[PDB]
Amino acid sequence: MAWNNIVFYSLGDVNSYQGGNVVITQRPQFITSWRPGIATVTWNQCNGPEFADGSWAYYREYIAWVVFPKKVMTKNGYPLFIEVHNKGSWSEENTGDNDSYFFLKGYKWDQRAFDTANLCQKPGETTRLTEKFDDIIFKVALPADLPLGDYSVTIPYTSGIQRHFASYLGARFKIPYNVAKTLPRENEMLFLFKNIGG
């Protein structure tokens, strides 16, 4: 039978971004950057072999993902509205979703390989992802009643690479958006700013 193995490799860094002194009339930016590093399997779906031993052919399709909240609550209970300022070459998808942004970059498809490989690594297993992708710049709308003072806003999000191995040419799979939405959000953007009012 034909088979398809899909594995999601989840990156998990904490990064901070200094917004400095801000007033509510502006929309302060923060930059999220893609950092290659150790990734952990947080999801898979497989019905093919577990291991390729180097002697037979399969096909690769890889897709990078970022799943990012549209809204985050401050510690003192106020909503911050997350807007996309510059997504570069990322594909922004499923835009009707009320809760989350979905950014995808398909960068490998239909690639025949014999490479000795683990074709369905288990949740919790790790690998080093060396791929680099472009930044995404967001902007935040602050609510008019936001109290004055210092803010430290922790924004969890998902980033990682979907690897799809298949027995055949032309294989395509995309993790369902509703599934991507529920994946562990192992990245954090720590957005710091001081509300001066305005």
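Take the two forms, superpose them, and find the largest set of C-alpha atoms that agree within 1.5 Å; that set is the rigid core. The first residue of the sequence shown is number 1, and the count goes up from there.
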{"query": "Core-fitted comparison in 5 other deposited structures of this protein, 15-23 vs 178-186, farther C-alphas", "finding": "15-23"}
{"query": "RMS CA shift, core-fitted in 5 other deposited structures of this protein, bigger for 141-149 or for 157-165", "finding": "141-149"}
{"query": "Between 65-73 and 30-38 (mean CA B-factor, as deposited), the higher", "finding": "30-38"}
{"query": "Residue range whose averaged C-alpha B-factor is higher in the record, 179-187 or 11-19", "finding": "11-19"}
{"query": "Entry-reported Cα temperature factor of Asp99, expressed as the chain third it lands in", "finding": "middle"}
{"query": "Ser152 - which third its CA temperature factor falls in, relative to the rest of the chain", "finding": "middle"}
{"query": "Third assignment of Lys108 from its chain's C-alpha B-factors", "finding": "lowest"}
{"query": "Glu83, C-alpha B-factor rank within chain (lowest, middle or highest third)", "finding": "middle"}
{"query": "CA B-factor ranking of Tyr168, expressed as a third of its chain", "finding": "middle"}
